[PDB]
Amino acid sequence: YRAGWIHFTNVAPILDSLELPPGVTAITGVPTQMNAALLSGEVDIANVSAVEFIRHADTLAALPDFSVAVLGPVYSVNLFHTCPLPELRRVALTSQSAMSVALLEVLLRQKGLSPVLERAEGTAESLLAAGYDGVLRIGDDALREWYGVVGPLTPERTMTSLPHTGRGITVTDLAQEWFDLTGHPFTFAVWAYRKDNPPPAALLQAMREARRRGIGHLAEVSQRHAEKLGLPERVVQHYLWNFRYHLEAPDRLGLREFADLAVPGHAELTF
């Protein structure tokens, strides 16, 4: 049984101490490749974007109790802009940000907005000075670049009290926008496998034990990844504490609302 992992910081509580059982191997790679690897059969299980799970819910099931979800701001799914949203004419989409385009478009439609979207490469600040009013960033780079815009953090100030603007750049958090729109959590990723190929029970148990270790030792998890990202430990710690990892009823509700808005007529979501 083969597993494809994506090594975003927000799954470190699950993956940093994971010990594969006998008879399971794992590869790592970009979200692009894991999606491809799961459909073709290169891997049997992978943590894939929500929209990828939804669009292939005919073929794929998800683990019942694993998610990357959040209620409120997520800090790593970010629209950086220099003008108000109704004025946006051109939004750049960076490398991995194509899985959150569907959420961006849902939010833009509800406001009646339709800027042109273009694939680009670079950081938010450099793309904002290379012909774009808006830049969509996800993952570790989004978190670091959010902090670059609105930080630094001082001892008296706290991560949640930081402004959303800095140096003429506003950082719009799409998970907060989703909360403003629906009142509900947003589910960004699940653990998906072909319906006729369930994962071995030893894999699920090792995954649950690693998540329990990571949740139990969040300062240790956070310190390792803050060093790699160049951020304060407390930034990463609050970042990880915000996530919802157990795909519970509120997470499934937001997943289903997203599915209906972004992939109407999707096959039924099964776990």
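Numbers follow the displayed sequence, beginning with 1.
Look at the mean CA B-factor for 121-129 and for 72-80 in the entry; the higher one is 121-129.
For the pair 19-27 and 250-258, the mean B factor over Cα atoms is greater in 19-27.
Out of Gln223, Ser67, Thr32, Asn242, the entry records its largest CA B-factor for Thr32. Between the residues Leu218, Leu203, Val48, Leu229, it is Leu203 that shows the highest Cα B-factor in the PDB record. Compared with the other modelled residues of the chain, the Cα B-factor recorded for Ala142 ranks in the lowest third. Per-chain ranking of the deposited C-alpha B factor places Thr172 in the middle third. Ranked within its chain, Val236 lands in the lowest third, by CA B factor from the PDB record. Ranked against the other modelled residues of its chain, the C-alpha B-factor of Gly112 as given in the entry falls in the middle third.
Annotation for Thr160: C-alpha temperature factor in the highest third relative to the rest of the modelled chain, per the entry.
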